[PDB]
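S.K.: The structure's right below; bear with me while I get my questions together.
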Protein chains: 4
Amino acid sequence: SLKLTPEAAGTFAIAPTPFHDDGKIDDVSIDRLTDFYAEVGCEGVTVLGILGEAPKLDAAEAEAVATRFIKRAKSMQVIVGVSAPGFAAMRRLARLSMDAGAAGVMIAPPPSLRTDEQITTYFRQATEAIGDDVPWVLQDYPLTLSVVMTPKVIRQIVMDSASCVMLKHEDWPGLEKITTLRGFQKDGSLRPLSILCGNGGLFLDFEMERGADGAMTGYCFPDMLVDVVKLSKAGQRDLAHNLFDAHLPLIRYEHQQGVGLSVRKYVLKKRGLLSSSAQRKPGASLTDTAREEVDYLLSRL
Amino acid sequence: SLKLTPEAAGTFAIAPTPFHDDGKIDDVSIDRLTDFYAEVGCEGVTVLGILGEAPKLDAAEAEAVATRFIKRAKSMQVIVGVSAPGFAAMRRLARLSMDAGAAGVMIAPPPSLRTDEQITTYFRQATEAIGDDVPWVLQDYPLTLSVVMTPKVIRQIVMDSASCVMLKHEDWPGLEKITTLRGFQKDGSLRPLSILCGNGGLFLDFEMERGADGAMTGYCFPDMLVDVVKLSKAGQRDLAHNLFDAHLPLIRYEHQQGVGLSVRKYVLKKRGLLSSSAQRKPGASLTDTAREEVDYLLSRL
Amino acid sequence: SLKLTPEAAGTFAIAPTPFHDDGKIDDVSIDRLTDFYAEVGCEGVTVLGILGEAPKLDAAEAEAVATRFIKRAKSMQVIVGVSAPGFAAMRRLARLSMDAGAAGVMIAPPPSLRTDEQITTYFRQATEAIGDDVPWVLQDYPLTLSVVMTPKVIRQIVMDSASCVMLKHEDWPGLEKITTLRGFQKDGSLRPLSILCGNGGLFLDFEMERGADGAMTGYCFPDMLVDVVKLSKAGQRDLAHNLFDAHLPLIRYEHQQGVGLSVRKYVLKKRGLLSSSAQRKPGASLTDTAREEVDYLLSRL
Amino acid sequence: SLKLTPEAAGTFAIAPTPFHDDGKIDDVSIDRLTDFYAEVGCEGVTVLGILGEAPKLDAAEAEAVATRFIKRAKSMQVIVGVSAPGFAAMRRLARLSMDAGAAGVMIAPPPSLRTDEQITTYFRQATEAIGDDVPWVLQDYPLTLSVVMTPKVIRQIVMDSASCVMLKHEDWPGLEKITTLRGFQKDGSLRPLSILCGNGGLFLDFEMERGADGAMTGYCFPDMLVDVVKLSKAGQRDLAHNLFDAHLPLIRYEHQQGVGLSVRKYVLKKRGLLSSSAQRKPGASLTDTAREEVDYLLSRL
């Protein structure tokens with residue numbers, strides 16, 4: 001029932017939507033995944049959106065999935081991705097999620113926005129749609145969304161809003177962006193803002209050093225990134241980097257467009273969290289060889 | 001209750017979704033628009049999709065709008081745009097529309113498809129989703145959708161399908177594509193296929209000469225394009241081009257991204273078909289000057 | 001020998017690079033084209049760049065072509081397109097052109113620029129490259145270059161520069177941009193700036209009304225647009241629009257990507273200005289049917 | 001003087017173009033880099049192109065740089081990137097490079113190609129331009145070039161050509177592509193073809209297992225990838241992966257757009273190979289913090 005705040009930190013797991021082979025939602029696995037995240041020290045869970053294959057679900061299914069996760073994660077803050085082609089759908093899912101118990105929602109910009117004018121305007125319209133009372137997360141992921149946001153544009157989006165409390169940092173290269181944003185806070189031009197990093201965790205080791213508050217990861221070993229985040233906050237540089245480096249081979253293997261979801265679901269099933277590694281169409285599973293390669297990386301971990 | 005066939009021809013009007021200023025759907029205008037299209041000789045109506053601001057409606061609203069149009073156009077074939085981010089939503093709207101009385105549905109490819117392999121695969125998955133029994137229209141509009149489809153790719157998509165009965169031709173330049181496709185039919189590699197042209201009607205005059213069956217137009221004077229199509233089919237080249245040329249100034253003014261919808265709704269309201277020219281956010285109305293310019297073009301018509 | 005100024009106005013013809021069938025530069029036609037432009041009242045000529053198939057010429061050829069035009073147009077201001085992948089090549093061609101007698105150069109942004117920060121920075125680097133003493137033209141053509149520049153960004157680019165004297169306006173929709181820019185000049189935030197319009201002349205009729213100074217056109221009848229510009233400046237609205245409307249059918253036919261150059265060269269040859277309508281690879285000529293269609297439009301003119 | 005063949009294998013170093021702070025080419029460093037590559041076991045060197053900042057050099061400079069490298073690498077095969085906006089420039093640089101002693105040239109497709117028809121056509125025009133006698137390398141790097149080529153399209157490009165002897169594999173995900181291509185060779189539909197991998201070496205460990213012949217790397221430790229390639233060919237899986245994993249942290253840090261070149265030049269200077277880490281505009285050097293981070297990774301190696 002707690003609203004997301006700018007002080008959010010630690011590790012937020014990005015949850016895939018569990019499916020059986022026929023494509024039906026696997027609720028048992030949703031609960032199992034949720035219990036797992038809590039058990040290993042995750043502070044929150046992000047649901048739906050692209051990684052949760054939300055585009056492959058119908059309106060009613062998306063609401064049910066988001067609700068299942070929200071009700072199960074009683075001790076964690078759940079963030080629901082509400083990015084949509086239009087504001088009506090966004091408002092519906094956002095309000096529903098909040099009434100259900102969500103901590104807040106995540107909003108990514110449409111892929112067509114180019115000028116900084118179009119970017120800031122979109123988000124003002126977006127917040128007007130979901131309501132200024134809804135805590136939200138700004139997703140900055142140029143690699144897949146095309147849109148590029150400068151630190152100054154991000155600062156404007158946040159300060160123009162009543163409730164943007166977090167930035168899901170996925171810019172690549174994006175290390176300097178973190179430093180710049182923290183600098184704005186130091187000079188007083190930017191208010192409190194949580195910065196959780198993504199982009200498959202490819203730069204989590206240095207992102208923590210730059211000043212990120214934690215990670216919002218879809219990595220199949222969120223339990224181990226919990227330690228990377230902890231070690232980093234503890235100033236144990238060598239220990240943090242040693243653990244990160246041990247996971248980097250698998251982190252980068254999973255960090256492949258399309259194949260990434262197949263890798264995640266394959267491992268989560270192998271870990272006993274998912275009953276099936278199935279995805280809904282469009283989506284292809286790992287080849288026998290890719291599975292062996294993933295197994296090899298797992299064996300070295 | 002008639003299913004769309006490859007013999008579909010004439011003029012199909014692309015209907016905007018009528019809204020009042022508060023953004024609520026204006027059902028009275030939906031009926032008024034529908035009666036208008038029938039009265040002026042239109043053979044069909046295409047609803048929802050981008051031009052109908054479908055992305056700005058929620059699931060329930062889209063279904064209601066599509067249904068309102070289907071039930072009103074008793075003597076015309078109604079095509080419902082079902083393009084969507086995922087197959088579940090597409091299947092829902094497609095089946096609902098068909099059960100309601102739609103003649104068929106329209107499917108555009110996602111903006112990311114590049115290889116011809118990805119294009120043909122997508123549509124096979126798309127038809128599997130809506131059902132091979134549903135007549136559908138392939139939308140080819142590179143200008144706004146980015147995807148480019150060669151005549152051979154189009155031929156494959158059609159022949160791979162059980163029910164693709166029409167191509168909404170919007171390629172630009174696309175005159176040679178029509179000729180090439182008609183050639184495939186002549187040599188026997190392509191079965192019957194209706195070709196209705198779009199892209200704001202910018203090349204309708206020559207598209208008819210190339211062999212198109214008609215137009216699927218969002219132009220504010222569908223009643224006049226009905227005559228352009230008729231004159232063209234009658235071999236009255238000079239008369240057809242004289243009428244087209246008289247409309248070209250306004251056709252091109254309306255053929256502007258973003259401003260186009262504002263121009264259409266402004267004129268349809270002025271013609272007494274819409275109660276309000278309102279659009280839902282995001283969307284901006286015409287400036288006082290743009291309105292005057294449109295008025296000037298109208299006065300010269 | 002006159003440098004381009006913010007007071008530049010009238011009609012500037014965009015010259016194609018004349019080639020014979022073997023692909024060799026046709027110098028006789030370059031002189032013939034130049035004499036033609038001067039004879040019909042053109043105030044200037046723009047050479048090289050995409051429309052002049054500059055990407056299909058080697059460094060030495062580009063310099064020779066630009067020079068041939070500069071030396072021939074003794075009574076007109078010649079603008080050389082210097083857009084390039086790098087600043088070294090840009091500086092070379094710019095300085096060479098100026099030493100030869102060019103009035104100034106044109107610079108378009110690379111297709112990757114998205115943030116307004118990247119846009120303004122690029123042009124500051126661009127001017128540093130060619131020299132702050134070189135008068136230049138800012139090309140704004142989103143349709144083909146992808147980059148989008150807001151009026152405020154344009155204002156910054158101009159005011160940040162010592163010598164940006166003109167904007168080649170090709171935004172689409174772009175009528176409001178002209179009005180906004182003229183407004184900045186009225187309020188004093190923007191200094192004198194020439195605005196010549198492009199985008200195939202698709203909106204020249206209204207662009208003149210908005211306050212453009214003239215046209216920079218590649219249209220095969222620059223002689224007739226000279227009159228459209230004159231009539232527009234004379235406040236003869238009906239006469240201006242009547243003449244424009246008579247040309248719109250051909251203007252729009254030529255306004256097709258790829259086919260456009262083929263249409264231009266075909267007509268310029270038919271008008272006796274080019275010995276051959278040949279282009280260098282990659283490039284395809286008009287089909288027999290397209291030629292007939294162009295002939296039909298010409299006959300109605 | 002040896003021409004590149006389909007049997008090319010091992011490690012090919014992608015050479016940056018050494019510059020001093022004033023931006024002038026540093027020939028002493030070109031020789032030093034070349035001697036280094038030979039000394040550590042590299043089989044070849046690739047010059048110019050994007051990584052060599054070729055777009056920042058003028059025609060004469062590019063030819064001089066390519067020539068300097070060709071003449072110095074007497075015992076290695078040198079590949080010159082000839083990708084260009086037009087065929088004239090491509091032919092000039094290709095023939096010049098071959099006359100100088102190059103083993104072959106590399107050709108990447110323009111960023112606009114989408115249909116497989118456009119892709120295969122481009123390369124047929126490209127080979128016609130440089131001459132069918134010139135051995136060349138097909139660059140497949142969607143991440144930066146946008147163009148996507150299916151294995152079948154690649155097969156067609158190769159079989160349509162008289163001299164395409166190598167594929168610079170940079171697809172991501174691209175492991176299955178290697179397997180598919182090797183399969184075509186097994187079934188006889190694809191002739192001998194060298195496959196050297198790129199994309200910063202992010203997947204070199206598994207690419208070798210899939211059947212790649214080696215690497216074409218811009219990584220600052222080409223000497224160590226020489227061993228990774230050797231260990232991989234020797235079937236020493238654990239040793240190969242242990243060494244790769246030790247370098248992965250730095251490999252991924254350098255694998256950042258824009259920052260990548262700064263990282264490479266910074267390290268190559270620190271290794272005593274470059275006098276200066278300077279790049280030509282546009283290009284920014286590493287911040288003090290980024291330098292420290294790179295130093296940290298280096299210290300752990």
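Naming works like this for the structure tokens: A, B, ... for the chains as they're shown, residue 1 at the start of each chain, ligands 1 onward in shown order.
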Return the neighbours of chain D among the residues of chain A, cut-off 10 Å, counting only C-alpha atoms, as a ChimeraX atom specification.

M.R.: /A:143,172-176,179,202-203,205-206,209-210,238,241-242,244-249,252-253,255-260,287,289-290,293,296-297,300

S.K.: So which bits of stretch 24-92 of chain C end up alpha helix (DSSP H) when you DSSP the backbone, as a PyMOL selection string?

M.R.: chain C and resi 27-39+59-72+87-92

S.K.: Might you pull out every residue within 12 Å of residue D:230, with only C-alpha atoms counted and same-chain residues fewer than 5 positions away left off, and present them as a count of residues only?

M.R.: 23

S.K.: Within stretch 7-124 of chain B, find each residue whose DSSP state, derived from the backbone, is strand (DSSP E or B), and express the selection as a PyMOL selection string.

M.R.: chain B and resi 10-14+19+25+44-47+77-81+104-107

S.K.: Show which residues sit within 10 Å of residue D:62, as a list in words. Count only C-alpha atoms, and ignore same-chain residues fewer than 6 positions away.

M.R.: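 Once the nearby chain positions are removed, what remains is residues 17, 25, 47, 48, 49, 52, 53, 54, 55, 56, 68, 80 and 93 of chain D.
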
S.K.: Put those residues in a file: N, CA and C atoms, as a short mmCIF file (atom, residue, chain, number, x, y, z; two decimals), in the first residue's frame.

M.R.:
```cif
data_model
loop_
_atom_site.label_atom_id
_atom_site.label_comp_id
_atom_site.auth_asym_id
_atom_site.auth_seq_id
_atom_site.Cartn_x
_atom_site.Cartn_y
_atom_site.Cartn_z
N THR D 17 42.82 5.49 -36.87
CA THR D 17 43.73 6.36 -37.60
C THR D 17 44.37 7.24 -36.54
N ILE D 25 47.52 13.65 -39.16
CA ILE D 25 47.79 12.22 -39.14
C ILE D 25 49.17 11.93 -38.56
N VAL D 47 41.68 -1.14 -42.31
CA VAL D 47 41.90 0.28 -42.13
C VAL D 47 40.79 1.17 -42.68
N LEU D 48 40.80 2.43 -42.25
CA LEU D 48 39.81 3.42 -42.66
C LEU D 48 38.43 3.06 -42.14
N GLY D 49 37.39 3.41 -42.89
CA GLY D 49 36.05 3.12 -42.42
C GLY D 49 35.72 3.95 -41.19
N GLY D 52 38.15 3.96 -38.23
CA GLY D 52 39.38 4.66 -38.55
C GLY D 52 39.09 6.13 -38.78
N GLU D 53 37.88 6.55 -38.41
CA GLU D 53 37.44 7.94 -38.57
C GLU D 53 37.60 8.44 -40.00
N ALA D 54 37.44 7.55 -40.97
CA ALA D 54 37.57 7.92 -42.38
C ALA D 54 36.65 9.08 -42.76
N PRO D 55 35.43 9.13 -42.20
CA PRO D 55 34.54 10.24 -42.56
C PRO D 55 35.11 11.60 -42.17
N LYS D 56 36.11 11.60 -41.28
CA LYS D 56 36.74 12.83 -40.81
C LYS D 56 38.01 13.21 -41.58
N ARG D 68 49.90 3.99 -46.23
CA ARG D 68 50.91 3.86 -45.18
C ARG D 68 50.80 2.48 -44.54
N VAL D 80 40.93 -2.60 -46.85
CA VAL D 80 40.57 -1.20 -46.78
C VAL D 80 39.06 -1.02 -46.89
N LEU D 93 38.93 4.72 -54.36
CA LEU D 93 39.65 4.20 -53.20
C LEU D 93 39.95 2.71 -53.29
#
```

S.K.: So how many Å separate atom CA of residue A:221 and atom CA of residue A:30, to one decimal?

M.R.: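 Atom CA of residue A:221 sits 16.5 Å away from atom CA of residue A:30.
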
S.K.: Tell me which protein, DNA and RNA residues are within 9 Å of residue B:27, counting only C-alpha atoms, leaving out same-chain ones fewer than 4 positions away, and put them as JSON, numbers by chain.

M.R.: {"B": [18, 19, 31, 32, 65, 68]}

S.K.: Residues of the last selection are to be written out with C-alpha atoms, as a CSV table (one decimal), in the first residue's frame.

M.R.:
```csv
chain,number,residue,atom,x,y,z
B,18,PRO,CA,-16.6,11.8,-34.1
B,19,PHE,CA,-15.9,13.4,-30.7
B,31,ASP,CA,-24.8,7.9,-37.9
B,32,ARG,CA,-24.8,11.1,-39.8
B,65,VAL,CA,-17.5,2.7,-32.4
B,68,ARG,CA,-22.1,1.6,-34.3
```

S.K.: Using only C-alpha atoms, find the one residue out of A:130, A:166, A:286, A:103 that sits nearest to residue A:197.

M.R.: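 Nearest candidate to residue A:197 out of A:130, A:166, A:286, A:103: A:166.
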
S.K.: List as a PyMOL selection string the protein and nucleic acid residues near residue C:146, meaning an atom at most 10 Å away when only C-alpha atoms are counted, but skip any in the same chain fewer than 6 places from it.

M.R.: (chain A and resi 114) or (chain C and resi 109-114+140)

S.K.: Need to verify the contact set: residue B:192, 8 Å, only C-alpha atoms, exclusion of same-chain residues closer than 4 positions in sequence. Can you return it as a PDB file with C-alpha atoms, in the first residue's frame?

M.R.:
```
ATOM      1  CA  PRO B   6     -11.421  -9.461 -54.240  1.00  0.00           C
ATOM      2  CA  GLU B   7     -14.016  -7.828 -56.489  1.00  0.00           C
ATOM      3  CA  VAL B 165      -8.819 -10.159 -50.496  1.00  0.00           C
ATOM      4  CA  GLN B 185      -2.444 -11.627 -62.192  1.00  0.00           C
TER       5      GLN B 185
END
```
